[PDB]
file coords34.cif (mmCIF, C-alpha atoms)
data_my_file
loop_
_atom_site.group_PDB
_atom_site.id
_atom_site.type_symbol
_atom_site.label_atom_id
_atom_site.label_comp_id
_atom_site.auth_asym_id
_atom_site.auth_seq_id
_atom_site.Cartn_x
_atom_site.Cartn_y
_atom_site.Cartn_z
ATOM 1 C CA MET A 1 -13.750 26.272 19.320
ATOM 2 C CA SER A 2 -14.344 27.373 15.747
ATOM 3 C CA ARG A 3 -17.404 25.765 14.245
ATOM 4 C CA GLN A 4 -14.911 24.439 11.719
ATOM 5 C CA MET A 5 -12.867 22.884 14.503
ATOM 6 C CA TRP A 6 -15.887 20.927 15.660
ATOM 7 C CA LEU A 7 -16.836 19.676 12.197
ATOM 8 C CA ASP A 8 -13.227 18.600 11.538
ATOM 9 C CA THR A 9 -13.157 16.514 14.710
ATOM 10 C CA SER A 10 -16.616 15.051 14.081
ATOM 11 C CA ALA A 11 -15.374 13.968 10.666
ATOM 12 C CA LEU A 12 -12.484 12.289 12.448
ATOM 13 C CA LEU A 13 -14.638 10.416 14.913
ATOM 14 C CA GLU A 14 -16.977 9.649 12.034
ATOM 15 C CA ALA A 15 -13.994 8.367 10.111
ATOM 16 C CA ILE A 16 -12.774 6.287 13.058
ATOM 17 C CA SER A 17 -16.187 4.659 12.940
ATOM 18 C CA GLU A 18 -15.921 3.918 9.207
ATOM 19 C CA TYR A 19 -12.552 2.157 9.705
ATOM 20 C CA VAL A 20 -13.733 0.326 12.785
ATOM 21 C CA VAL A 21 -16.414 -1.081 10.486
ATOM 22 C CA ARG A 22 -13.789 -1.942 7.918
ATOM 23 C CA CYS A 23 -11.525 -3.697 10.372
ATOM 24 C CA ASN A 24 -14.226 -5.801 11.993
ATOM 25 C CA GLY A 25 -13.400 -9.460 11.386
ATOM 26 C CA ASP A 26 -10.425 -8.506 9.220
ATOM 27 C CA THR A 27 -7.941 -8.315 12.034
ATOM 28 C CA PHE A 28 -5.684 -11.306 11.534
ATOM 29 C CA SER A 29 -2.481 -12.536 13.140
ATOM 30 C CA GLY A 30 0.309 -12.000 10.645
ATOM 31 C CA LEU A 31 -1.387 -9.418 8.463
ATOM 32 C CA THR A 32 -0.936 -5.712 8.252
ATOM 33 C CA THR A 33 -3.938 -4.082 6.597
ATOM 34 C CA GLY A 34 -3.934 -0.597 5.257
ATOM 35 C CA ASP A 35 -7.262 -0.308 7.044
ATOM 36 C CA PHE A 36 -6.045 -1.341 10.470
ATOM 37 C CA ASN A 37 -3.016 0.866 9.948
ATOM 38 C CA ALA A 38 -5.277 3.837 9.338
ATOM 39 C CA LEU A 39 -7.483 2.970 12.274
ATOM 40 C CA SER A 40 -4.723 2.537 14.831
ATOM 41 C CA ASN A 41 -3.234 5.852 13.753
ATOM 42 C CA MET A 42 -6.537 7.623 14.039
ATOM 43 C CA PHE A 43 -6.976 6.174 17.510
ATOM 44 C CA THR A 44 -3.851 8.131 18.283
ATOM 45 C CA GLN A 45 -5.008 11.538 16.993
ATOM 46 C CA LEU A 46 -7.799 11.737 19.586
ATOM 47 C CA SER A 47 -5.938 12.399 22.842
ATOM 48 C CA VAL A 48 -3.554 15.405 22.916
ATOM 49 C CA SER A 49 -2.156 13.447 25.871
ATOM 50 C CA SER A 50 0.172 10.635 24.719
ATOM 51 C CA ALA A 51 0.777 9.050 21.323
ATOM 52 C CA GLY A 52 1.688 5.471 22.264
ATOM 53 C CA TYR A 53 0.119 2.519 20.439
ATOM 54 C CA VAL A 54 -3.340 2.034 21.865
ATOM 55 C CA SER A 55 -3.540 -1.486 23.294
ATOM 56 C CA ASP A 56 -7.223 -0.998 24.123
ATOM 57 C CA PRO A 57 -8.924 1.632 21.919
ATOM 58 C CA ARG A 58 -12.015 1.369 24.078
ATOM 59 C CA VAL A 59 -10.479 3.393 26.925
ATOM 60 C CA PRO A 60 -9.702 6.735 25.203
ATOM 61 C CA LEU A 61 -12.826 6.536 23.064
ATOM 62 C CA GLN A 62 -14.811 6.235 26.278
ATOM 63 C CA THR A 63 -12.978 8.910 28.215
ATOM 64 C CA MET A 64 -13.839 11.121 25.223
ATOM 65 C CA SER A 65 -17.569 10.446 25.157
ATOM 66 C CA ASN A 66 -17.775 10.871 28.926
ATOM 67 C CA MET A 67 -15.867 14.146 28.830
ATOM 68 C CA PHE A 68 -18.242 15.240 26.044
ATOM 69 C CA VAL A 69 -21.515 14.409 27.768
ATOM 70 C CA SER A 70 -20.195 16.152 30.887
ATOM 71 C CA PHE A 71 -19.503 19.184 28.640
ATOM 72 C CA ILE A 72 -22.555 19.233 26.430
ATOM 73 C CA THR A 73 -24.812 19.128 29.523
ATOM 74 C CA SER A 74 -23.470 22.120 31.526
ATOM 75 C CA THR A 75 -24.670 25.333 29.890
ATOM 76 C CA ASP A 76 -21.880 27.214 31.673
ATOM 77 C CA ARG A 77 -19.390 25.330 29.487
ATOM 78 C CA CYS A 78 -20.982 24.613 26.089
ATOM 79 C CA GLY A 79 -22.743 27.968 26.144
ATOM 80 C CA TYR A 80 -20.524 29.625 23.572
ATOM 81 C CA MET A 81 -21.708 27.059 20.978
ATOM 82 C CA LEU A 82 -25.243 28.361 21.319
ATOM 83 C CA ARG A 83 -24.475 31.936 20.250
ATOM 84 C CA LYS A 84 -25.724 33.384 16.992
ATOM 85 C CA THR A 85 -22.131 33.870 15.790
ATOM 86 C CA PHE B 972 34.472 -51.814 -66.116
ATOM 87 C CA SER B 973 30.979 -50.382 -65.724
ATOM 88 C CA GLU B 974 30.240 -52.381 -62.590
ATOM 89 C CA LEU B 975 33.599 -51.429 -61.037
ATOM 90 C CA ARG B 976 32.708 -47.764 -61.484
ATOM 91 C CA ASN B 977 29.141 -47.995 -60.315
ATOM 92 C CA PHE B 978 30.478 -49.585 -57.147
ATOM 93 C CA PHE B 979 32.893 -46.714 -56.651
ATOM 94 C CA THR B 980 30.282 -44.042 -57.165
ATOM 95 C CA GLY B 981 28.950 -41.988 -54.325
ATOM 96 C CA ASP B 982 28.082 -38.351 -54.163
ATOM 97 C CA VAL B 983 28.709 -35.583 -51.669
ATOM 98 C CA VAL B 984 27.351 -32.051 -51.505
ATOM 99 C CA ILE B 985 29.526 -29.184 -50.388
ATOM 100 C CA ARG B 986 28.933 -25.454 -50.044
ATOM 101 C CA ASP B 987 30.851 -23.424 -52.654
ATOM 102 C CA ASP B 988 31.991 -20.730 -50.234
ATOM 103 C CA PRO B 989 32.724 -21.886 -46.660
ATOM 104 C CA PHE B 990 30.550 -20.637 -43.865
ATOM 105 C CA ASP B 991 31.793 -17.568 -42.058
ATOM 106 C CA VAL B 992 31.847 -18.561 -38.398
ATOM 107 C CA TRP B 993 31.936 -16.154 -35.419
ATOM 108 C CA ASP B 994 32.654 -16.389 -31.669
ATOM 109 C CA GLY B 995 29.960 -16.107 -29.040
ATOM 110 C CA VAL B 996 28.730 -12.764 -27.792
ATOM 111 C CA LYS B 997 28.662 -11.336 -24.293
ATOM 112 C CA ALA B 998 24.956 -10.727 -23.821
ATOM 113 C CA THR B 999 25.099 -7.356 -22.104
ATOM 114 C CA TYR B 1000 21.844 -5.765 -21.057
ATOM 115 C CA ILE B 1001 21.356 -2.073 -20.400
ATOM 116 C CA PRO B 1002 18.515 -0.071 -18.871
ATOM 117 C CA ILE B 1003 15.700 1.471 -20.835
ATOM 118 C CA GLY B 1004 12.543 3.387 -20.050
ATOM 119 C CA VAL B 1005 11.716 6.052 -17.500
ATOM 120 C CA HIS B 1006 10.635 5.400 -13.886
ATOM 121 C CA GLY B 1007 8.114 7.449 -11.960
ATOM 122 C CA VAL B 1008 7.339 7.769 -8.261
ATOM 123 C CA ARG B 1009 5.483 4.857 -6.686
ATOM 124 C CA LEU B 1010 4.094 5.513 -3.187
ATOM 125 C CA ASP B 1011 4.016 2.869 -0.462
ATOM 126 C CA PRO B 1012 0.742 0.879 -0.631
ATOM 127 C CA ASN B 1013 -0.065 0.609 3.094
ATOM 128 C CA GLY B 1014 0.522 4.209 4.092
ATOM 129 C CA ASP B 1015 1.725 5.383 7.489
ATOM 130 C CA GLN B 1016 2.665 2.633 9.872
ATOM 131 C CA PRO B 1017 1.116 2.220 13.315
ATOM 132 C CA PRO B 1018 3.112 3.528 16.198
ATOM 133 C CA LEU B 1019 5.469 2.250 18.801
#
call {"tool": "encode", "arguments": {"input": "coords34.cif", "output": "structure tokens"}}
result
Amino acid sequence: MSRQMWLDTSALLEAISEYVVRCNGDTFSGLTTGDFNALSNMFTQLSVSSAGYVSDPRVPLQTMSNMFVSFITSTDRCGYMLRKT
Amino acid sequence: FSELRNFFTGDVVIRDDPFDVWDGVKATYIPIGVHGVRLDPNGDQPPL
């Protein structure tokens, strides 16, 4: 929707990236890292559908890219984003 | 007589006024200082 709504979400995905980078090789057995905590919570905010702990963050992140490509390609859908306003 | 005295000669030193002795004291501690708000370090916890 709103141009602002897009930026906000980009920033989120762009943040999810940041934390994924932070958590790489810092995910240990008995530890709880403020970083992983942030990450796992952000993984949640993506899908309006469900809010359960994501056992495999790959899935929803994928579903999201796929949905996006399928949207950004069809001019019937993403048309509104190409208006002057 | 001299020798008999010198044998029975020995000094002692005593305090003029006796010490004033007290009982122990119950070491009671009370709070001091002001405390502010400290926020949890890890932030929101992961779900489920």
call {"tool": "atom_distance", "arguments": {"input": "coords34.cif", "atom1": "atom CA of residue B:1016", "atom2": "atom CA of residue A:68"}}
result
29.3 Å
call {"tool": "interface_residues", "arguments": {"input": "coords34.cif", "of": "chain B", "to": "chain A", "cutoff": "6 Å", "atoms": "all atoms listed in the file", "output": "PyMOL selection string"}}
result
chain B and resi 1013+1016-1019
call {"tool": "atom_distance", "arguments": {"input": "coords34.cif", "atom1": "atom CA of residue A:9", "atom2": "atom CA of residue A:45"}}
result
9.8 Å
call {"tool": "atom_distance", "arguments": {"input": "coords34.cif", "atom1": "atom CA of residue A:12", "atom2": "atom CA of residue A:76"}}
result
26.1 Å
call {"tool": "residues_near_point", "arguments": {"input": "coords34.cif", "point": "(-12.4, 12.9, 24.3)", "cutoff": "12 Å", "atoms": "only C-alpha atoms", "output": "list in words"}}
result
residues 9, 10, 12, 13, 43, 44, 45, 46, 47, 48, 49, 58, 59, 60, 61, 62, 63, 64, 65, 66, 67, 68, 69, 70 and 71 of chain A
